[PDB]
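> Quick one, fold the following:
(chains A, B, C, D, E, F, G and H)
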Amino acid sequence: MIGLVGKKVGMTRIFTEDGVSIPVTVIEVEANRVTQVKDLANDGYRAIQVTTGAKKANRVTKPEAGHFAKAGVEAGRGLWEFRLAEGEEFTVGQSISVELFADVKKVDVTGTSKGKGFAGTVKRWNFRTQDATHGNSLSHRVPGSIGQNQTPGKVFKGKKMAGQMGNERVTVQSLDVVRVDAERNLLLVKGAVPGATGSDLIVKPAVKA
Amino acid sequence: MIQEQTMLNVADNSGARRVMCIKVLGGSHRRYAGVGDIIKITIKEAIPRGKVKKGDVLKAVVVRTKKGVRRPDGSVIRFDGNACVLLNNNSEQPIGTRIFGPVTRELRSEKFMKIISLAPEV
Amino acid sequence: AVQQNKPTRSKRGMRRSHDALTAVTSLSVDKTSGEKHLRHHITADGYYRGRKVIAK
Amino acid sequence: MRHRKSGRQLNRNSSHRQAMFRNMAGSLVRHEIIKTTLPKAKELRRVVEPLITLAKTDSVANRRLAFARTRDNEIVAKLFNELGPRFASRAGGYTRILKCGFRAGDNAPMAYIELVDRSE
Amino acid sequence: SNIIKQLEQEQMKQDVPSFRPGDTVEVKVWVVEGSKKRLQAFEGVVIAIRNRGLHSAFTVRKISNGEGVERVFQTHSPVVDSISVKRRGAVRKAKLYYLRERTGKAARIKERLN
RNA sequence: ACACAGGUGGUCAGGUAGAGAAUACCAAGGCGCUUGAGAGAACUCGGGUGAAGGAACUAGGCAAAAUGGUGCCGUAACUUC
RNA sequence: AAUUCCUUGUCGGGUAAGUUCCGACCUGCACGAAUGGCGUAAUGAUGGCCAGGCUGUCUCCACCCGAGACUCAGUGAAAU
RNA sequence: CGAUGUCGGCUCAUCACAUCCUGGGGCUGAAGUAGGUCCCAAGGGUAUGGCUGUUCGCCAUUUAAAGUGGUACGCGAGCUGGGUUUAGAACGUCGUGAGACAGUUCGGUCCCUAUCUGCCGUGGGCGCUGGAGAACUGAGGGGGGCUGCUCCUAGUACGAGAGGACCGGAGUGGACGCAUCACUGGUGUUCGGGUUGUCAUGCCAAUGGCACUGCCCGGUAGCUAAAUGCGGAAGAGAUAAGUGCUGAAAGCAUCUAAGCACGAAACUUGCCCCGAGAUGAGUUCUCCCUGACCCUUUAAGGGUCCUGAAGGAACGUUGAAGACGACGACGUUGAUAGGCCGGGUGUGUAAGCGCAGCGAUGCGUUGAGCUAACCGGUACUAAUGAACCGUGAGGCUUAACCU
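Residues are numbered from 1 along each chain as shown, chains lettered A, B, ... in the order given. Below you will find the coordinate block:
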């Protein structure tokens, strides 16, 4: 039954009686404003706009605001939509909380993975460094070969080369919920989710059991 | 780490005290050995009063390391150096009649029965 | 060869098509001086927002 | 990119960045407004602002404070005695920056940095 | 997000002492072995202690000759039963690392008496 | 070739430290390396610190590293003593 | 072996394995006593080997710093 | 032969299937457990150490397994440079000798400022038919497709006995990827303290400059493995080898012909990501623009009057954005960022003051003094009120309904 949007906000530890530290990702979920339920409005199916929040009244755009203008003239900070099949719904001014998961198990999350700028090689593709002695001919952090002599006359498509990390999401599927607290905005999930503290996270039930 | 050419202390009686690691056992492409794991070890000085000879290669279990353990109790436990127990070349389990210093209990395989039962370690 | 044939004069111009001369738009007019300037810098006559910040 | 570690690097070593902005802060106390490059104007603050905050609270004696720097007889006499009573009522915000185009083309970006209280 | 700054305080233990390097505090742990719940004491000197609040670090070393053991305990760990407080030490280093390579008569410290 | 990290007989010998014309700080005296300004990418030249092991590296323990002062004790085999 | 092709010979010492080394055997394609034959004090920024020490050589690199790089305003080449 | 650099090695590829290991099937001179053998199969997995300059080879230790091979027996404007193949000299030996030796021993040169394609990352211009914003759909692509031990089945079937199984769910490691700094190590030239020599302030104190961050010990933020967590699922579709039913050619028989179901770790999907320049530019929702005059062979132009939205950029405060761009929060209808204040972590009890001691120095007033990134308060400082682009309902045909 649908999914929710929130923010990573940090890494934390579970304090288990197994003595291990065990990471848990906080995931802070303000109640999603559910500003529209659709009735056959495109492609012959039913959907709901979940709406992550609102925007500051001094920094609003007209083509964004019209998507939420019946609920408020302050946009939504997330124009996310989900399929409606497990229920029948109508549009009201009551936001949905993490209580949506109080009887649910096993979830998947879309994050905002590691922004590293340049990323390089040793921290992009786990490359190794070449022999640093017998005299080194400007060849300490170099890949070795990138291909083979003359016959291909090209590098292969999908070769590992240096290139940035950032402007990416990543989706992680080995997660389950711990806190589900609709009074603390606290979802809390088992393990470490992609991205830094400011990463915006989308969560739904996983099809892998 | 407990890796190649590492010099070690033997937790076994009557022979010599110094022994050297040459490789890690069990699984593919193996580097480094943890506490409760198996290595192949050389008898570096032997002494004529022990049950093994100099330059022979035996099997041993890692029981102590200077970085020690951090997964079973979750908090780090560290030793003063590095030691292993020395197994009988055919019958397995420890070759001597005494084992020196504290010993692991984290390994579960019944081929180590008489060292995973040691009450002084719990 | 070091180059196989010299490049066409089109290629020179296609680089210049991404090399737009910064010339700046929308010049601000000062509230006390007879000068125009860039919105967040001082005028050549020592005024900013019509305030006399420096002598001339 | 090292953007989570916050702070402007601005040229050479922390010994020259000490000596130059300490010399230029001495010159700032003379003229109360200085023209220099826009990056230098932002880092000059880090010598001047602590010497104004050192005079923010009025307390007797201890004129030994900071007395290994800004000890020139033409400006040392303004420490506490003018750096206090010209800014100690405002509660911070001692200085403002204003850009002034470029240098001689020689296209270095220039700015004027002033104190919010100036006297002639 | 203030929830992190809540959770790092609302989990703090309420029968734990404040202690220093060179002290001996007789820490006890449950071992978590078998269904017959154990209790084990670890004897030795404190080499590092505090501060991170709930998260505070706490490491003890046996300093026995010729060989001994060093263990991390952490003052709010779920597996710690008690910190008992036994002896003091007169040491000024916040990390006792000059002692962490000693076990003989060079490892004897004054027990903070006057 | 050029206003180029070069060549280059002779004269002179302050103070603290040091054995010293080493080297470290300074006089008298001289100079600010005559293209610069931002940015704070890898990679790269040159530096600083480094877990748990150790030559397992390399045709070569190459390169790096340890040692190191300056007073006294002590000091093998081999020897033509 | 600073000399011996098949041949990485043999044994003792030795290494986890040694076409390494040292010693022994003579089982040296034509080593052999003034270019000597063989030992050998002293000398070695010395080849072949060992131990002891020490390590970013390595496992495997992690962070920190300057000066280039990057970007900008000016001066402005060569092979082709 | 007016040069197209080598063997092996480091480092990294790509393909074959004659399959080293994985899955399926039929035999065995296969009781059970197994091994070997053959018929289908290439997505996934495929040694380390030593001697050697060395492929190959041989030796050591192991593994699920240590595949058989192609590519100029791949990979030197990628790295190496021992053997090779010279500059010098030496041992053996032929010859009177210069000299020579796929005979031997040491010493010993790896230069280059990348073109067009490309590959990895990243922008700008045009077009989608009046201009923008954001989703949905999925034509399409990328990611990815191993394995020891241990439990249960069960000490059951099987077997005097020794010994001992299906099915495949679960735990736990290995290899290989993926993600994370809350942990734990290390670092920490934006923090504090200790200190050698000397220079400054006339001297001393005290504080600072210089000398590798001068030397030394801890360390926040930030980062990152030596630290931490997690995978490649269930199901569906369709197959070759192959197992069978029903049954004919061939009145019998038979698995194939008709008819049909099953059958693999591969294939088509499912999953996860990206994807409409998918010009084949869809579909939908949201937003913006509602002005005419004159002239005529015009899905077009000529003259003239008035006139400047949406959104992005500019502009500058700047972030958990960063090579530059690009992204993003905020911009006075102002917590976007400092200053000031406060808290958090780190450092460690100072100077001034008083006491003890001949003094170095110590103690106490003083849990002192100091301070950065961690995250709150406070408009004290700066992002002003604008402006230049971007416009005025947007062509033609057919079907329908109104006219």
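> Looks to me like residue D:18 is in a helix.
Yes: under DSSP: H, G, I helix; E, B strand; the rest coil, residue D:18 sits within a helix.
> For chain A, see how far away it is.
Computed as Cβ to the nearest Cβ, to the nearest Å, the residue D:18 to chain A distance reads 30 Å. No exception for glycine: its C-beta is placed from N, CA and C like everyone else's.
> okay, now the closest residue to chain C within chain D: neighbour count?
Chain C sits closest to residue D:99 of chain D, with a gap of 4.1 Å, by Cβ to the nearest Cβ. Close neighbours of residue D:99, defined as other Cβ atoms under 10 Å in any protein chain shown, add up to 18.
> neighbouring contacts of the host helix or strand of it?
Residue D:99 belongs to strand D:95-102 when assigned by DSSP states H and E. By Cβ atoms under 8 Å, 6 or more residues apart in numbering or on different chains, the residues outside strand D:95-102 that reach it are C:38, C:40-42, C:48, C:53, D:35, D:38, D:41-42, D:45, D:48-49, D:108-116.
> again with stretch E:54-62
Applying Cβ under 8 Å, 6+ apart, the contact partners of stretch E:54-62 are A:13, E:8-9, E:11-12, E:25, E:27, E:42-50, E:68-76, E:96, E:99-100.
> any idea which helix or strand carries the most centrally placed residue in chain D?
Geometric centre of chain D, nearest residue: residue D:48, 3.0 Å, by Cα atoms, centre = their mean. According to DSSP H and E, residue D:48 maps onto helix D:38-53.
> quick one: the helices in the chain?
Since no chain was named, I'll use chain A. All helices of chain A, identified by DSSP state H, fall at A:62-65.
> My question was about chain D, not that one.
Remark: helices assigned in chain D by DSSP H are D:14-31, D:38-53.
> now for these, which one comes closest to chain B?
Minimum separation from chain B across these (Cβ to the nearest Cβ) falls at helix D:14-31, 36.4 Å.
> The closest one vs helix D:38-53, what angle?
Interaxial angle, helix D:14-31 versus helix D:38-53 (axes from the mean of the first three to the mean of the last three Cα atoms, to 10 degrees): 70 degrees.
> From the contact counts, what lies against helix D:14-31?
Judged by 3 or more Cβ pairs under 8 Å, 6 or more residues apart in numbering or on different chains; DSSP states H and E, the packing partners of helix D:14-31 are strand D:33-37, helix D:38-53.
> related to what we said a few turns ago, mind listing which of the contacts of stretch E:54-62 are in helices?
Using DSSP H, no member of the contacts of stretch E:54-62 falls in helices.
> For the helices and strands packed on helix D:14-31, give me TSV that also has distance to chain C.
Listed next are these as TSV, based on distance: least, Cβ to the nearest Cβ, whole Å:
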stretch	distance to chain C
strand D:33-37	7
helix D:38-53	10
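> Can you say which of these is nearest to residue A:63?
Evaluated over those, closeness to residue A:63 peaks at helix D:38-53, with 36.8 Å, by Cβ to Cβ.
> so residue C:24 makes contact with residue C:39?
No: Residue C:24 is beyond contact range of residue C:39, at 9.9 Å (criterion: Cβ atoms under 8 Å).
> Can you name the residues of chain B sitting close to chain E?
Contact residues, chain B versus chain E (Cβ under 8 Å from any Cβ of the partner chain): B:68, B:73-81, B:101-102, B:122.
> Go again with 6 Å.
For chain B, the residues in contact with chain E (Cβ under 6 Å from any Cβ of the partner chain) are B:75-78, B:80, B:122.
> sorry, back to before: if we look at RNA strand H, which of the contacts of strand D:95-102 are close to it?
Among the contacts of strand D:95-102, the ones lying near RNA strand H by Cβ under 7 Å from any atom of the strand are C:38, C:40-41, D:45, D:49, D:116.
> Show me how to select, in PyMOL, the buried members of these.
Buried residues among those (16 or more other Cβ atoms under 10 Å in any protein chain shown), as a PyMOL selection:
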select buried, (chain C and resi 41) or (chain D and resi 45+49)
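> What is the most widely separated pair among the ones next to RNA strand H among the contacts of strand D:95-102?
The distance between the two most remote of these (Cβ to Cβ) is 27.3 Å, for C:38 and D:49.
> ok, the residue nearest to the centre of chain D - contacts?
Contacts for residue D:48 (Cβ atoms under 6 Å, 6 or more residues apart in numbering or on different chains) come out as D:25, D:28.
> one more time with 10 Å
Applying Cβ atoms under 10 Å, 6 or more residues apart in numbering or on different chains, we find residue D:48 in contact with D:21, D:24-26, D:28-29, D:34, D:70, D:83, D:94-95, D:113, D:115.
> Just give me the closest of those residues to chain E.
Nearest to chain E among those, with distances taken as Cβ to the nearest Cβ, is residue D:94, at 32.2 Å.
> Isn't that closest one up against residue D:117?
Yes: between residue D:94 and residue D:117 there is a contact under Cβ atoms under 10 Å: 8.1 Å.
> Quick one: residues contacting residue B:64.
Shown in contact with residue B:64 (Cβ under 10 Å, 6+ apart): B:2, B:8-9, B:11, B:35, B:77-85, B:100-104, E:67, E:69.
> for the closest residue to residue A:60 other than its chain neighbours, phi and psi?
Spatial nearest neighbour of residue A:60, excluding adjacent residues (Cβ to Cβ, 6 or more residues apart in numbering or on different chains): residue A:75 at 5.8 Å. For residue A:75, the backbone dihedrals (degrees, to the nearest 10) come out as phi 60, psi -150.
> still on that earlier bit, contacts with RNA strand H among the contacts of stretch E:54-62, please.
Restricting the contacts of stretch E:54-62 to those near RNA strand H by Cβ under 7 Å from any atom of the strand leaves A:13, E:50, E:72, E:74.
> and for residue D:94 and residue D:117, which residues touch both?
Common contact partners of residue D:94 and residue D:117 (Cβ under 10 Å, 6+ apart): D:52, D:86-87.
> Out of those, which comes closest to RNA strand F?
Nearest to RNA strand F among the shared contacts of residue D:94 and residue D:117 is residue D:52, at 23.5 Å by Cβ to the nearest atom of the strand.
> what's near enough to touch the spatially most central residue of chain B?
Nearest residue to the geometric centre of chain B (Cα atoms, centre = their mean): residue B:84, 2.1 Å. Neighbouring residues of residue B:84 by Cβ under 10 Å, 6+ apart: B:2, B:6, B:8-12, B:19, B:21, B:33, B:35, B:37-39, B:41, B:58-65.
> Equivalent analysis for residue B:35, please.
By Cβ under 10 Å, 6+ apart, residue B:35 lies in contact with B:2, B:61-65, B:67-72, B:77, B:79, B:84, B:103-104, B:106-107.
> try 8 Å
Residue B:35 touches B:62-65, B:68-69, B:104, B:106, counting by Cβ under 8 Å, 6+ apart.
> With secondary structure as extra columns, can I get these in a markdown table?
Listed next are the contacts of residue B:35 as a markdown table, based on three-state DSSP:
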| residue | secondary structure |
| --- | --- |
| B:62 | strand |
| B:63 | strand |
| B:64 | strand |
| B:65 | coil |
| B:68 | coil |
| B:69 | strand |
| B:104 | coil |
| B:106 | coil |
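> Of those residues - the most surrounded one?
Greatest neighbour count in these, by other Cβ under 10 Å, goes to residue B:64: 27 neighbours.
> any idea how far that one lies from residue A:183?
Computed as Cβ to Cβ, to the nearest Å, the residue B:64 to residue A:183 distance reads 49 Å.
> same question, residue D:39
Separation of residue D:39 from residue A:183 (Cβ to Cβ) stands at 49 Å.
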